[PDB]
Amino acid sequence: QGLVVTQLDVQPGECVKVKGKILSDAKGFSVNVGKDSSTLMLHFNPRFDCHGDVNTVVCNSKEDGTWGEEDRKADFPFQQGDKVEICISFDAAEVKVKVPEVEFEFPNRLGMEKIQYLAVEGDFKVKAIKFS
């Protein structure tokens, strides 16, 4: 699956939940949130075996179509063929991504105050998108 959601108005405090299933041969997938495809507050990209990266979560921002400095995480609570729910929230200081085992944090570099764009790409099958 790989859909795009626009016309959003997610503000700090609100929670965005993405439920789906990781393909049984996933190279990796990504979950981007921001203003648009060129300006992302967060590029959550768990990589099983993609671009030389093996079982590593890469976080990054994007502004004016330019990638920021990568932030590689130590924890990788994901496995192929796994059905997971990803919860995203943020504030003026950072973005939080919670999965049942680990909570990932990434600084709100762009100082964005609302999310209007969400896109899921890669080897992930979306089953539901919830707002809270």
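Note that residue numbering follows the sequence shown and begins at 1.
Remark: stretch with higher mean C-alpha B factor among 76-84 and 38-46 is 76-84. Annotation for 116-124 versus 8-16: the higher mean temperature factor (C-alpha) is found in 8-16.
Compared with the other modelled residues of the chain, the Cα B-factor recorded for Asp91 ranks in the highest third. Among all modelled residues in its chain, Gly68 ranks in the lowest third by Cα B-factor.
Sorting the modelled residues of the chain by their CA temperature factor places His51 in the highest third. Looking at the C-alpha B-factors along this chain, the one for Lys98 belongs to the middle third.
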